[PDB]
>>> print(open('final-v1.cif').read())   # mmCIF, C-alpha atoms
data_query
loop_
_atom_site.group_PDB
_atom_site.id
_atom_site.type_symbol
_atom_site.label_atom_id
_atom_site.label_comp_id
_atom_site.auth_asym_id
_atom_site.auth_seq_id
_atom_site.Cartn_x
_atom_site.Cartn_y
_atom_site.Cartn_z
ATOM 1 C CA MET G 1 13.757 12.836 20.392
ATOM 2 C CA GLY G 2 10.472 13.060 22.287
ATOM 3 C CA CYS G 3 7.575 12.888 19.834
ATOM 4 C CA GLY G 4 5.244 13.844 22.679
ATOM 5 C CA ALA G 5 2.925 10.949 21.855
ATOM 6 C CA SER G 6 2.811 7.162 22.169
ATOM 7 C CA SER G 7 3.237 4.980 19.086
ATOM 8 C CA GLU G 8 3.451 1.302 18.151
ATOM 9 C CA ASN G 9 1.754 -0.072 21.263
ATOM 10 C CA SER G 10 3.123 -3.503 20.371
ATOM 11 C CA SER G 11 4.362 -4.654 16.967
ATOM 12 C CA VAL G 12 1.368 -5.183 14.686
ATOM 13 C CA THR G 13 -1.872 -7.107 15.186
ATOM 14 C CA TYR G 14 -4.409 -8.030 12.512
ATOM 15 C CA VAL G 15 -8.077 -8.986 12.795
ATOM 16 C CA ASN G 16 -9.788 -9.502 9.441
ATOM 17 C CA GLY G 17 -6.799 -11.597 8.381
ATOM 18 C CA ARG G 18 -3.006 -11.774 8.253
ATOM 19 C CA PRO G 19 -0.972 -10.373 5.321
ATOM 20 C CA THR G 20 0.257 -12.877 2.738
ATOM 21 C CA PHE G 21 3.445 -10.818 2.538
ATOM 22 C CA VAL G 22 6.024 -10.007 5.211
ATOM 23 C CA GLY G 23 9.005 -7.668 4.916
ATOM 24 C CA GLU G 24 10.853 -6.078 7.832
ATOM 25 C CA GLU G 25 9.519 -2.645 8.768
ATOM 26 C CA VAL G 26 5.782 -2.396 9.408
ATOM 27 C CA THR G 27 3.796 0.802 9.933
ATOM 28 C CA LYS G 28 0.200 2.025 9.812
ATOM 29 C CA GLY G 29 -0.863 4.747 7.382
ATOM 30 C CA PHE G 30 -4.003 6.017 9.104
ATOM 31 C CA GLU G 31 -3.608 6.830 12.795
ATOM 32 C CA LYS G 32 -7.086 5.528 13.604
ATOM 33 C CA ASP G 33 -8.619 2.162 14.475
ATOM 34 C CA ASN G 34 -6.614 -1.067 14.482
ATOM 35 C CA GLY G 35 -4.648 0.484 11.623
ATOM 36 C CA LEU G 36 -6.819 -0.169 8.575
ATOM 37 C CA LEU G 37 -3.821 -0.365 6.244
ATOM 38 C CA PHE G 38 -0.372 -1.564 7.294
ATOM 39 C CA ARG G 39 2.651 -0.567 5.219
ATOM 40 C CA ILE G 40 4.930 -3.563 4.695
ATOM 41 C CA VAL G 41 8.529 -3.032 3.590
ATOM 42 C CA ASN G 42 11.200 -5.668 2.988
ATOM 43 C CA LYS G 43 14.681 -4.178 3.318
ATOM 44 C CA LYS G 44 15.974 -7.367 1.706
ATOM 45 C CA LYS G 45 14.301 -6.984 -1.687
ATOM 46 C CA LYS G 46 13.376 -3.396 -0.841
ATOM 47 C CA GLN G 47 9.905 -4.175 -2.183
ATOM 48 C CA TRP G 48 6.907 -2.395 -0.671
ATOM 49 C CA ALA G 49 3.609 -4.159 0.009
ATOM 50 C CA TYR G 50 0.164 -3.121 1.240
ATOM 51 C CA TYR G 51 -2.423 -5.229 3.058
ATOM 52 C CA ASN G 52 -6.083 -4.228 3.284
ATOM 53 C CA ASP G 53 -7.760 -5.105 6.579
ATOM 54 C CA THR G 54 -11.105 -3.328 6.252
ATOM 55 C CA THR G 55 -13.694 -5.476 4.480
ATOM 56 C CA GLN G 56 -15.949 -2.517 3.700
ATOM 57 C CA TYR G 57 -13.412 0.000 2.408
ATOM 58 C CA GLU G 58 -10.868 -0.312 -0.399
ATOM 59 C CA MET G 59 -7.329 0.938 0.189
ATOM 60 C CA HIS G 60 -5.966 3.303 -2.457
ATOM 61 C CA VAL G 61 -2.218 3.923 -2.559
ATOM 62 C CA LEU G 62 -0.779 7.006 -4.252
ATOM 63 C CA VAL G 63 2.898 7.728 -3.617
ATOM 64 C CA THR G 64 4.946 10.200 -5.654
ATOM 65 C CA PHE G 65 8.734 9.982 -5.869
ATOM 66 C CA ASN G 66 11.387 12.406 -7.105
ATOM 67 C CA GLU G 67 13.202 11.938 -10.411
ATOM 68 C CA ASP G 68 16.351 10.919 -8.546
ATOM 69 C CA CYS G 69 14.904 7.699 -7.136
ATOM 70 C CA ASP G 70 15.845 4.144 -8.099
ATOM 71 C CA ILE G 71 12.371 2.638 -7.772
ATOM 72 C CA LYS G 72 10.450 0.023 -9.754
ATOM 73 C CA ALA G 73 6.826 -0.966 -10.339
ATOM 74 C CA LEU G 74 5.401 -4.274 -9.126
ATOM 75 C CA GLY G 75 2.234 -6.235 -9.887
ATOM 76 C CA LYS G 76 -0.117 -4.236 -12.105
ATOM 77 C CA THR G 77 0.950 -1.013 -10.396
ATOM 78 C CA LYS G 78 1.101 1.688 -13.064
ATOM 79 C CA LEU G 79 4.366 3.633 -13.103
ATOM 80 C CA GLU G 80 4.970 6.769 -15.162
ATOM 81 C CA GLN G 81 7.148 9.882 -15.063
ATOM 82 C CA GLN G 82 6.042 13.496 -15.464
ATOM 83 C CA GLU G 83 7.653 16.367 -17.364
ATOM 84 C CA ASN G 84 8.466 18.108 -14.084
ATOM 85 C CA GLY G 85 10.671 15.120 -13.277
ATOM 86 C CA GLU G 86 8.730 12.972 -10.814
ATOM 87 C CA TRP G 87 7.659 9.332 -10.595
ATOM 88 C CA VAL G 88 4.111 8.250 -9.760
ATOM 89 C CA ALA G 89 2.867 4.818 -8.705
ATOM 90 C CA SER G 90 -0.771 4.087 -7.878
ATOM 91 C CA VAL G 91 -2.502 0.798 -7.088
ATOM 92 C CA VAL G 92 -5.708 -0.309 -5.371
ATOM 93 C CA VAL G 93 -5.770 -3.209 -2.915
ATOM 94 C CA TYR G 94 -8.925 -5.168 -2.105
ATOM 95 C CA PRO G 95 -9.680 -6.707 1.325
ATOM 96 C CA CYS G 96 -8.679 -10.294 2.087
ATOM 97 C CA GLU G 97 -6.000 -9.798 -0.561
ATOM 98 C CA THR G 98 -2.434 -8.522 -0.904
ATOM 99 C CA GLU G 99 -0.718 -6.885 -3.874
ATOM 100 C CA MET G 100 2.806 -5.663 -4.605
ATOM 101 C CA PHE G 101 3.649 -1.972 -4.937
ATOM 102 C CA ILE G 102 7.082 -0.571 -5.772
ATOM 103 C CA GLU G 103 10.651 -1.772 -5.255
ATOM 104 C CA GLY G 104 14.129 -0.244 -5.143
ATOM 105 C CA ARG G 105 15.587 2.779 -3.355
ATOM 106 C CA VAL G 106 13.323 5.630 -2.264
ATOM 107 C CA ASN G 107 14.518 9.237 -2.157
ATOM 108 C CA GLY G 108 12.355 12.216 -1.219
ATOM 109 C CA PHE G 109 8.788 11.077 -1.862
ATOM 110 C CA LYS G 110 5.226 11.979 -0.890
ATOM 111 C CA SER G 111 2.598 9.472 0.232
ATOM 112 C CA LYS G 112 -1.160 9.983 -0.028
ATOM 113 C CA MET G 113 -3.761 7.412 1.010
ATOM 114 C CA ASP G 114 -7.527 7.294 1.495
ATOM 115 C CA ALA G 115 -10.432 4.986 2.331
ATOM 116 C CA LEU G 116 -12.954 4.729 -0.499
ATOM 117 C CA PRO G 117 -16.003 2.405 -0.394
ATOM 118 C CA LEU G 118 -15.732 -0.853 -2.334
ATOM 119 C CA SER G 119 -16.738 0.510 -5.734
ATOM 120 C CA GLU G 120 -18.534 -1.565 -8.362
ATOM 121 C CA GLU G 121 -15.084 -2.723 -9.461
ATOM 122 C CA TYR G 122 -14.750 -4.569 -6.156
ATOM 123 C CA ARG G 123 -17.813 -6.664 -6.975
ATOM 124 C CA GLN G 124 -16.251 -7.669 -10.289
ATOM 125 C CA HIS G 125 -12.961 -8.479 -8.567
ATOM 126 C CA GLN G 126 -14.836 -11.129 -6.592
ATOM 127 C CA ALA G 127 -15.527 -12.958 -9.850
ATOM 128 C CA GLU G 128 -11.819 -12.969 -10.681
ATOM 129 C CA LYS G 129 -11.093 -14.656 -7.352
ATOM 130 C CA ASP G 130 -13.270 -17.588 -8.399
ATOM 131 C CA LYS G 131 -15.899 -18.660 -10.927
#
>>> encode(input="final-v1.cif", output="structure tokens")
Amino acid sequence: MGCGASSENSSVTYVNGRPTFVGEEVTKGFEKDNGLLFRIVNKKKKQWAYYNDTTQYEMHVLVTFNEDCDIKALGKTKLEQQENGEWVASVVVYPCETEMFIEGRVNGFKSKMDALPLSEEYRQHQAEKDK
């Protein structure tokens, strides 16, 4: 319609590493830097996926969906409904790694992301990767 600003200079380019998951539609959450976090969505399985690029900041995903939404929880993503009638799904993704989020149909939802510093939990996660 106009937008009034330039977007998607050219597909998507990674630096720290490429995502181990590929869907169809790709977009960047934060409008700063290479992109930090790229939202991966596969129309086929309709499963969402997040890939962390930054190796100094952990990506935290917090998306809320409306009651009327056929969505599911993937990986260890915690999914629960509130009394008001809304679905919540949160999951943290560590750098050089990719985790699954939610799957299904999305209807009226709010997305909130941030860039927190690799907490002590990140250090422990390294042990899980190998020992």
>>> atom_distance(input="final-v1.cif", atom1="atom CA of residue 114 of chain G", atom2="atom CA of residue 60 of chain G")
5.8 Å
>>> axis_aligned_box(input="final-v1.cif", around="segment 6-10 of chain G", padding_each_side="6 Å", output="AutoDock Vina command-line options")
--center_x 2.6 --center_y 1.8 --center_z 20.2 --size_x 13.7 --size_y 22.7 --size_z 16.0
>>> resolve_selection(input="final-v1.cif", expression="the PyMOL selection byres ((chain G and resi 98) around 10)", output="compact mmCIF listing (two decimals) with C-alpha atoms, keeping the file's coordinate frame")
# COMPACT_ATOMS: atom_id res chain seq x y z
CA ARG G 18 -3.01 -11.77 8.25
CA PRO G 19 -0.97 -10.37 5.32
CA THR G 20 0.26 -12.88 2.74
CA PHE G 21 3.44 -10.82 2.54
CA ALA G 49 3.61 -4.16 0.01
CA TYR G 50 0.16 -3.12 1.24
CA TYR G 51 -2.42 -5.23 3.06
CA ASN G 52 -6.08 -4.23 3.28
CA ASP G 53 -7.76 -5.11 6.58
CA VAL G 92 -5.71 -0.31 -5.37
CA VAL G 93 -5.77 -3.21 -2.92
CA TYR G 94 -8.93 -5.17 -2.10
CA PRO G 95 -9.68 -6.71 1.32
CA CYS G 96 -8.68 -10.29 2.09
CA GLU G 97 -6.00 -9.80 -0.56
CA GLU G 99 -0.72 -6.88 -3.87
CA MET G 100 2.81 -5.66 -4.61
CA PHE G 101 3.65 -1.97 -4.94
>>> resolve_selection(input="final-v1.cif", expression="the PyMOL selection byres ((chain G and resi 115) around 12)", output="JSON, numbers by chain")
{"G": [29, 30, 32, 35, 36, 37, 52, 53, 54, 55, 56, 57, 58, 59, 60, 61, 62, 92, 93, 94, 95, 112, 113, 114, 116, 117, 118, 119]}
>>> resolve_selection(input="final-v1.cif", expression="the PyMOL selection byres ((chain G and resi 75-81) around 8)", output="list in words")
residues 67, 72, 73, 74, 82, 83, 85, 86, 87, 88, 89, 90, 91, 99, 100, 101 and 102 of chain G
>>> atom_distance(input="final-v1.cif", atom1="atom CA of residue 3 of chain G", atom2="atom CA of residue 63 of chain G")
24.5 Å
>>> atom_distance(input="final-v1.cif", atom1="atom CA of residue 66 of chain G", atom2="atom CA of residue 46 of chain G")
17.1 Å
>>> closest_residue(input="final-v1.cif", among="G:40, G:15, G:103, G:47", to="residue 70 of chain G", atoms="all atoms listed in the file")
G:103
>>> build_atoms(input="final-v1.cif", residues="segment 65-83 of chain G", atoms="N, CA and C atoms", output="PDB file, keeping the file's coordinate frame")
ATOM      1  N   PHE G  65       7.305   9.942  -6.157  1.00  0.00           N
ATOM      2  CA  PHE G  65       8.734   9.982  -5.869  1.00  0.00           C
ATOM      3  C   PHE G  65       9.438  10.997  -6.764  1.00  0.00           C
ATOM      4  N   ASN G  66      10.616  11.438  -6.335  1.00  0.00           N
ATOM      5  CA  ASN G  66      11.387  12.406  -7.105  1.00  0.00           C
ATOM      6  C   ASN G  66      12.133  11.716  -8.243  1.00  0.00           C
ATOM      7  N   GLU G  67      12.483  12.487  -9.267  1.00  0.00           N
ATOM      8  CA  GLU G  67      13.202  11.938 -10.411  1.00  0.00           C
ATOM      9  C   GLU G  67      14.373  11.080  -9.944  1.00  0.00           C
ATOM     10  N   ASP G  68      15.196  11.640  -9.062  1.00  0.00           N
ATOM     11  CA  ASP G  68      16.351  10.919  -8.546  1.00  0.00           C
ATOM     12  C   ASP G  68      15.917   9.871  -7.525  1.00  0.00           C
ATOM     13  N   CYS G  69      15.351   8.773  -8.016  1.00  0.00           N
ATOM     14  CA  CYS G  69      14.904   7.699  -7.136  1.00  0.00           C
ATOM     15  C   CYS G  69      14.892   6.367  -7.879  1.00  0.00           C
ATOM     16  N   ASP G  70      15.764   5.454  -7.464  1.00  0.00           N
ATOM     17  CA  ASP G  70      15.845   4.144  -8.099  1.00  0.00           C
ATOM     18  C   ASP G  70      14.716   3.242  -7.607  1.00  0.00           C
ATOM     19  N   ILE G  71      13.528   3.429  -8.170  1.00  0.00           N
ATOM     20  CA  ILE G  71      12.371   2.638  -7.772  1.00  0.00           C
ATOM     21  C   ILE G  71      11.799   1.884  -8.968  1.00  0.00           C
ATOM     22  N   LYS G  72      11.047   0.822  -8.691  1.00  0.00           N
ATOM     23  CA  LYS G  72      10.450   0.023  -9.754  1.00  0.00           C
ATOM     24  C   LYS G  72       8.972  -0.230  -9.471  1.00  0.00           C
ATOM     25  N   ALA G  73       8.249  -0.686 -10.489  1.00  0.00           N
ATOM     26  CA  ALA G  73       6.826  -0.966 -10.339  1.00  0.00           C
ATOM     27  C   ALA G  73       6.582  -2.468 -10.238  1.00  0.00           C
ATOM     28  N   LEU G  74       5.716  -2.863  -9.313  1.00  0.00           N
ATOM     29  CA  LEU G  74       5.401  -4.274  -9.126  1.00  0.00           C
ATOM     30  C   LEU G  74       3.961  -4.564  -9.539  1.00  0.00           C
ATOM     31  N   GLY G  75       3.590  -5.839  -9.524  1.00  0.00           N
ATOM     32  CA  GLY G  75       2.234  -6.235  -9.887  1.00  0.00           C
ATOM     33  C   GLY G  75       1.734  -5.429 -11.081  1.00  0.00           C
ATOM     34  N   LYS G  76       0.473  -5.014 -11.021  1.00  0.00           N
ATOM     35  CA  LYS G  76      -0.117  -4.236 -12.105  1.00  0.00           C
ATOM     36  C   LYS G  76       0.044  -2.742 -11.841  1.00  0.00           C
ATOM     37  N   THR G  77       0.733  -2.411 -10.754  1.00  0.00           N
ATOM     38  CA  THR G  77       0.950  -1.013 -10.396  1.00  0.00           C
ATOM     39  C   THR G  77       1.439  -0.221 -11.604  1.00  0.00           C
ATOM     40  N   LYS G  78       0.727   0.852 -11.930  1.00  0.00           N
ATOM     41  CA  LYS G  78       1.101   1.688 -13.064  1.00  0.00           C
ATOM     42  C   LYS G  78       2.171   2.695 -12.658  1.00  0.00           C
ATOM     43  N   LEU G  79       3.274   2.714 -13.400  1.00  0.00           N
ATOM     44  CA  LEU G  79       4.366   3.633 -13.103  1.00  0.00           C
ATOM     45  C   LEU G  79       4.665   4.516 -14.309  1.00  0.00           C
ATOM     46  N   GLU G  80       4.693   5.826 -14.085  1.00  0.00           N
ATOM     47  CA  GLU G  80       4.970   6.769 -15.162  1.00  0.00           C
ATOM     48  C   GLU G  80       5.664   8.013 -14.617  1.00  0.00           C
ATOM     49  N   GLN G  81       6.431   8.680 -15.472  1.00  0.00           N
ATOM     50  CA  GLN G  81       7.148   9.882 -15.063  1.00  0.00           C
ATOM     51  C   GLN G  81       6.507  11.123 -15.679  1.00  0.00           C
ATOM     52  N   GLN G  82       6.611  12.246 -14.975  1.00  0.00           N
ATOM     53  CA  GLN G  82       6.042  13.496 -15.464  1.00  0.00           C
ATOM     54  C   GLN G  82       7.127  14.376 -16.078  1.00  0.00           C
ATOM     55  N   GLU G  83       6.707  15.450 -16.738  1.00  0.00           N
ATOM     56  CA  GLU G  83       7.653  16.367 -17.364  1.00  0.00           C
ATOM     57  C   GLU G  83       8.450  17.121 -16.303  1.00  0.00           C
TER      58      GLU G  83
END
